[PDB]
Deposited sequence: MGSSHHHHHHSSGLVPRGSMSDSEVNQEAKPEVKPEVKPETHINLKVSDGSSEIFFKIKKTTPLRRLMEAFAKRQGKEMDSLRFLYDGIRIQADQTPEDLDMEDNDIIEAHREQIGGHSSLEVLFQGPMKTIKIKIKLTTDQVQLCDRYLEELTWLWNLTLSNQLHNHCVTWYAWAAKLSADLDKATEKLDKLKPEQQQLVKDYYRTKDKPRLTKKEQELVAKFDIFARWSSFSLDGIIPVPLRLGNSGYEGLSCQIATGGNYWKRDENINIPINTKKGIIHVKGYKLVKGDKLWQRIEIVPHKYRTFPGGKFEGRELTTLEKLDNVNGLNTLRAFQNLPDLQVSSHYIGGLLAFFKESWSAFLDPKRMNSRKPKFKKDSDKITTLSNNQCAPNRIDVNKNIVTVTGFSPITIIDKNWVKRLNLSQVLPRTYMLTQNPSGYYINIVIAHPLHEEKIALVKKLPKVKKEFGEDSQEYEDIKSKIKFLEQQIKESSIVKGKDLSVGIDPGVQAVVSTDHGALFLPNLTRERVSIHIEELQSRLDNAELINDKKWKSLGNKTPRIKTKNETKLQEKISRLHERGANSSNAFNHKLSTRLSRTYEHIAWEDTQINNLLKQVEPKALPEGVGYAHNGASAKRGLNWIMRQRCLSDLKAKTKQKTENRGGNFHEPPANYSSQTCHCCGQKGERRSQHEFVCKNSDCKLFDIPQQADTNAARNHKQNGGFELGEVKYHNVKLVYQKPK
């Protein structure tokens, strides 16, 4: 899969239509989020019931085993301190791990109220009771010498602070699905988010809320619903610990992209440079290399996006190998045959054979015979990547200047804002101030500089990754981030993780191999001896033992680490090096 980004020009009326569509999609996103939060309770209840059953089974199997070990096992979790047990008891401890998190409960006599979520989907849930009244707020005047694990630290205390209203209890009541007020689907329950894919019901809801009917097409509705489905799935997955509940979008955080994940562009006229997509009159293209990049005579457009960026308006077209189409055509048939013939039928096996065959065809469609060269790569402080043969690649030094320019422009903008606010207050008005034209221009400039920095870094990373992928077939990559324990400011401008990911993907696509050796003892070890050497400078290294061939010979530390990574990768060649 690839994405082609083509600049387009829109007329004023088209811009107004785009703004209206984005407002509509923001409203849809908020509605879907509210509905999903209201519904999460029904999933939580089933989860709790299953957990209770599991706890009961664990309790039964823990009691049924012999009393001698069960007491110590119970204590193992029933006590902060944990001793070194034997394998016998440790096995049972693992087998009843669940007690580490919870202890058996009933969950009977409950009534299924709508829960209020916190920072996770499973733990920390609560049932609301009341609204209004004073609330706890941090008071920095209160210093509490809290004896945390790090000793005494003077944390800011909390105190009760002015309330919004008089305290009032909420009317407890079970959960109830919400439904479309009227129209052709009156009374339908919105069990899932996919039930919101209907234009009719959404129009009915808007009428209930006294808003004008929707004008956006159903394709962008589907795209936004896809985005929300992704974010919610990430939220509920335990394996990801950084994905949390989706947030509500305020007026200053409107959606900035229209997504069509149902059909390619309706028309792509290359001779006159025109693109016809749904919901707009034909859009002109102001791009000069779009016909060569898109390469319509050998690819297959699938989906697209109208994107807005400080540089202008773009259309993203996603393209794939020509075979992709049948693969999907077969994939979407799998649920049918499974429902119709069962997974043991011969049809099921034949379909899997055909999927595999097409997937293999696609994969081999982009394999290139190589020269079987192996490389060790080490991210550096002075050089973005050092290589086993002594190559040091300079970083994207240009972006530091953009960052400094952003610093200065932000300083200017904030100074202007402070002076304007003071003059506003002096005149005697209490209403919030309205932003000025110079401030808007300066803010646009800052936005454009951020974009330019991001784009420059992305372009540099693509170029370097392509270079490495073309030159080398086997790549070893490991990063010694111990230095982190301004350096952070410099490293945030290099984008090492993106570089690594791009190189990984491109090397895999060409048919190479990508390894990630462990990092233990990589920077200080004499790679030709394995002994811990010494450094006589910020970047030089010398081996210690006299038996070394390179004894008393200073060498580049980055080259040493790169060669160590090459060895740990298993290639062990290290034949030559430049300086």
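Of the deposited sequence, the ranges 1-128, 614-637, 732-741 have no C-alpha coordinates according to the record.
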